[PDB]
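Right, one structure below, let's go through it.
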Amino acid sequence: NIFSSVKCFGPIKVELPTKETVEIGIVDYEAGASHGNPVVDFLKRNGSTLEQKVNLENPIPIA
Amino acid sequence: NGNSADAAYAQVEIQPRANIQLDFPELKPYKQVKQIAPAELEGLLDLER
Amino acid sequence: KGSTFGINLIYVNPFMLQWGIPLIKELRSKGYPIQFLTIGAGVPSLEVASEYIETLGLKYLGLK
Amino acid sequence: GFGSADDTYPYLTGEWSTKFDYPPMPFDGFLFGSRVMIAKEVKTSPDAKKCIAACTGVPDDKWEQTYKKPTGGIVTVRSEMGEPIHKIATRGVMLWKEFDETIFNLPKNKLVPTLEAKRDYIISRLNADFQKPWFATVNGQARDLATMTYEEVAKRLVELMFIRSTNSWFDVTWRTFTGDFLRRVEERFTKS
Amino acid sequence: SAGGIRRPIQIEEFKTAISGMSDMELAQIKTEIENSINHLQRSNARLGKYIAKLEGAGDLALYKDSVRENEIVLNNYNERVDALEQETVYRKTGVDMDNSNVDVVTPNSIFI
Amino acid sequence: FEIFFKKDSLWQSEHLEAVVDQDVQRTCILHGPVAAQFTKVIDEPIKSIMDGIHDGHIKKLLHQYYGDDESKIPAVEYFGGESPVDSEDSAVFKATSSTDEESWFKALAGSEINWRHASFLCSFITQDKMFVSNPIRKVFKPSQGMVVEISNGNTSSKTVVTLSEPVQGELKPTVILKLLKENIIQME
Ligand SMILES: Cc1cc2nc3c(=O)[nH]c(=O)nc-3n(C[C@H](O)[C@H](O)[C@H](O)COP(=O)(O)O)c2cc1C
């Protein structure tokens, strides 16, 4: 259950007026004996993914 | 820190129970009792009465 | 490596039977080297002993 | 009642049953409990092994004497259920045997009256002889638990449950028992 | 069932065991112990006759400690039915015009 | 009182440190009247005791029934695993849908008690300390088409048992159960 070492890292990009992206930051989280990755736990709640599944009201039997 | 350094952080409390006392009068040491009364009083009263 | 041993369970102690029979069945299904089970202090009923004989993968049952 | 080849050989060969005018009747193997209690690598404390080696014992003709009196250094005493147990006749067990013949064979309505009467006797004997002493003695003086101070209790729980030689609580559950008691003292005597 | 085996069993270990059972397994033990009790009372009845017949006038002190002994066992069985009774019952349970509040004499008490 | 007095009476004799005065005479020690008259020598190694009794039985049994002669004692490869209920050199067996499992494994094992006898009738084997079901009986459990061939059946050291099945129509070798070096059973 306990992690020896956690490491989250990657570019932070901003959408420009033109809709091209640019690097303006880096994620650099490092930890020793942790129970979690806080960076991803943050972005899940306070952010969103690019795509979102939305369920039909009623599942439709195809076959 | 899951619930390891956010769960062992919390102490144990003592809620008091009622220790009802009979309130017998506090008896002082003899040397402090002889201040209060005058020295002539020793052997002067008939305690039977 | 290869050795075995057994287990005595007092029949007149319903609590040790309640945790201990399941414990053998479990350890015997993981292949622990428990060759046999002696039930002391009593002899079980046919319907019980039948469950010890079939269900715990034992070589033999001791009865006193 | 086996210890050597010599006494256990007649049962291997079947010839034991000849003595009783039956035909030979041989056995497929033997078990040795009592025999093996003084072996190098059991946990029986050295003093207890000396105590076992001292028991002379008695042949099969006489063993039932044990229901009456120490026979080869050994008596029977009843369990809490009334099952016999064969125990070495230590002071402890002789006291157990006395209380089976006197207190525990009484009907329930005579039991409590008899304990009040024999109280000072029973406590002398628990403290002198038995493995479980009378809890409420401070400096060898037999009290009751209602005539003991909260300190006298704490100090006595440590005396009986904490081992000075090994510097540890004999069982963790005993440490939880004394710790729970100290937490009661705080609950009872705190104002706030 | 190892609870109810027509032989005296230590009550602390019975009470603990009885905790961990199903309600239909408890109901089975209870039926079995009740039957054991009836067998011991019909045994103590027969013993009551051979006493009353012989007390009409050795081998009477023997009829007496045969019924003393059955009461030791019988005390264990109804001590066991009492623990069952206790376990059963455990499973059931688990205007103001004085300016005391707002001071309206003061410009800021209203909501400045 | 009777419970408090008698409750938990049997550990104390093993742990005198936790008894008042470290005094045995306070304590319950369990022991038999009759058996007590052989318990004399303190701290005898358990092997010394149990061998004593066993080597005693042999010494005697030898005298009565083998005229004090070890040469008359039947020799077997390994002693054990016999439920208390019950010669050809180049054979060939043929499993059907009828062939009884118990009959089939008697045959492969053969008469002599050796590695082959163990291999097919040992119900269990040991991985490290654990007891797993015998994989060699799993493999040779009989079904339509499988054909066992034994060779040097009457000299264990070179015996080879060679299972063959249907493989893409024809019949090819699928197992080769034999000895390597002296004490190793290879199941190629
Ligand atoms: C210290 C001691 C403890 C025993 N504990 C048990 C036990 O827990 N369960 C049991 O069925 N028998 C127990 N027995 C009985 C033995 O299993 C066996 O019946 C007996 O020791 C053999 O008799 P012997 O002692 O005369 O050689 C015990 C015997 C002794 C001496």
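Scheme for the structure tokens: letters A, B, ... for chains in order shown; per-chain residue numbers from 1; ligand numbers from 1 in order shown.
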Next on the checklist: Only residues of chain A matter here; which ones have an atom within 12 Å of chain B, counting only C-alpha atoms? Give them as number ranges by chain.
Outcome noted: A: 1-3, 31-38
Generate a file of the selected residues that holds N, CA and C atoms, formatted as a tab-separated table (two decimals), in the first residue's frame.
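The new file again25.tsv reads:
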```
chain	number	residue	atom	x	y	z
A	1	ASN	N	0.84	-1.23	0.00
A	1	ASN	CA	0.00	0.00	0.00
A	1	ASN	C	0.87	1.28	0.00
A	2	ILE	N	1.95	1.34	0.79
A	2	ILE	CA	2.80	2.56	0.94
A	2	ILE	C	3.79	2.61	-0.23
A	3	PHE	N	3.99	3.78	-0.85
A	3	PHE	CA	4.92	3.99	-1.99
A	3	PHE	C	6.28	4.44	-1.45
A	31	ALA	N	8.48	12.81	-3.84
A	31	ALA	CA	8.14	12.40	-2.47
A	31	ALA	C	8.92	11.13	-2.08
A	32	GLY	N	9.07	10.90	-0.78
A	32	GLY	CA	9.46	9.60	-0.21
A	32	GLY	C	8.22	8.79	0.13
A	33	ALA	N	8.16	8.23	1.34
A	33	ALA	CA	7.14	7.23	1.75
A	33	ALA	C	5.76	7.89	1.81
A	34	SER	N	4.99	7.78	0.72
A	34	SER	CA	3.68	8.44	0.50
A	34	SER	C	2.59	7.39	0.32
A	35	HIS	N	1.32	7.78	0.45
A	35	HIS	CA	0.15	6.90	0.19
A	35	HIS	C	-0.59	7.34	-1.08
A	36	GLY	N	-0.05	8.30	-1.85
A	36	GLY	CA	-0.79	8.93	-2.96
A	36	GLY	C	0.04	9.87	-3.82
A	37	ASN	N	-0.46	10.12	-5.03
A	37	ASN	CA	0.00	11.19	-5.95
A	37	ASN	C	-0.98	12.35	-5.79
A	38	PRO	N	-0.60	13.43	-5.06
A	38	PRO	CA	-1.49	14.55	-4.86
A	38	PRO	C	-1.77	15.31	-6.18
```
List every residue of chain F that has an atom at most 8 Å from any atom of chain D, giving for each one its closest atom pair and the distance in Å to one decimal, counting only C-alpha atoms, sorted by chain and then by ascending residue number, as a Markdown table.
```
| residue | atom | partner | partner_atom | distance |
| --- | --- | --- | --- | --- |
| F:2 | CA | D:104 | CA | 6.7 |
| F:3 | CA | D:80 | CA | 6.4 |
| F:5 | CA | D:132 | CA | 7.0 |
| F:6 | CA | D:80 | CA | 6.3 |
| F:7 | CA | D:80 | CA | 7.7 |
| F:12 | CA | D:131 | CA | 7.4 |
| F:13 | CA | D:44 | CA | 6.2 |
| F:14 | CA | D:44 | CA | 4.4 |
| F:15 | CA | D:45 | CA | 6.5 |
| F:16 | CA | D:45 | CA | 6.8 |
| F:17 | CA | D:163 | CA | 6.8 |
| F:18 | CA | D:163 | CA | 6.3 |
| F:19 | CA | D:131 | CA | 6.3 |
| F:20 | CA | D:131 | CA | 7.2 |
| F:24 | CA | D:48 | CA | 5.9 |
| F:25 | CA | D:90 | CA | 4.8 |
| F:26 | CA | D:92 | CA | 4.3 |
| F:27 | CA | D:131 | CA | 5.4 |
| F:28 | CA | D:93 | CA | 6.2 |
| F:29 | CA | D:87 | CA | 5.4 |
| F:30 | CA | D:87 | CA | 4.4 |
| F:31 | CA | D:34 | CA | 5.3 |
| F:32 | CA | D:34 | CA | 5.9 |
| F:33 | CA | D:57 | CA | 5.2 |
| F:34 | CA | D:1 | CA | 4.8 |
| F:35 | CA | D:1 | CA | 4.0 |
| F:36 | CA | D:57 | CA | 4.8 |
| F:37 | CA | D:57 | CA | 4.6 |
| F:38 | CA | D:3 | CA | 5.3 |
| F:39 | CA | D:35 | CA | 5.7 |
| F:40 | CA | D:53 | CA | 4.8 |
| F:41 | CA | D:53 | CA | 6.7 |
| F:42 | CA | D:38 | CA | 5.4 |
| F:43 | CA | D:40 | CA | 3.7 |
| F:44 | CA | D:39 | CA | 4.9 |
| F:45 | CA | D:40 | CA | 4.9 |
| F:46 | CA | D:39 | CA | 5.3 |
| F:49 | CA | D:36 | CA | 7.7 |
| F:52 | CA | D:4 | CA | 7.4 |
| F:53 | CA | D:5 | CA | 4.6 |
| F:54 | CA | D:5 | CA | 7.0 |
| F:56 | CA | D:5 | CA | 5.1 |
| F:57 | CA | D:5 | CA | 5.5 |
```
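Residues of chain D lying within 12 Å of chain C, counting only C-alpha atoms, are residues 31, 81, 83 and 84 of chain D.
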Next on the checklist: Tell me as a VMD selection string which residues belonging to chain E come within 12 Å of chain F, counting only C-alpha atoms.
Outcome noted: chain E and resid 10 to 13
Those selected residues, please, written with C-alpha atoms and delivered as an mmCIF file, in the first residue's frame.
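Generated output (again25.cif):
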```cif
data_model
loop_
_atom_site.group_PDB
_atom_site.id
_atom_site.type_symbol
_atom_site.label_atom_id
_atom_site.label_comp_id
_atom_site.auth_asym_id
_atom_site.auth_seq_id
_atom_site.Cartn_x
_atom_site.Cartn_y
_atom_site.Cartn_z
ATOM 1 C CA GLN E 10 -16.970 -24.838 29.842
ATOM 2 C CA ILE E 11 -19.490 -21.942 29.751
ATOM 3 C CA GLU E 12 -17.033 -19.105 28.888
ATOM 4 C CA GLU E 13 -16.066 -20.921 25.598
#
```
Item to check | Residues of chain C within 6 Å of chain F, only C-alpha atoms counted, as a PyMOL selection string | outcome: chain C and resi 1+31-32
Item to check | Selection: 9 Å around residue 9 (chain E), only C-alpha atoms, excl. self and same-chain fewer than 6 positions, as a PyMOL selection string | outcome: (chain C and resi 12-14) or (chain D and resi 81) or (chain E and resi 3+76-77+80)
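Pairwise distance (CA of residue 58 (chain F), CA of residue 15 (chain D)) equals 16.5 Å.
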Checklist entry - Using the chain letters and numbers from this document, which residues of chain A does DSSP assign to alpha helix (DSSP H), as a list in words? => result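 Those in chain A that DSSP calls alpha helix (DSSP H) are residues 38, 39, 40, 41, 42, 43, 44, 45 and 46 of chain A.
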Checklist entry - Quick one: which residues from chain C are at most 10 Å off chain E, using only C-alpha atoms, as a VMD selection string? => result chain C and resid 11 to 19 42 to 45 47 to 48
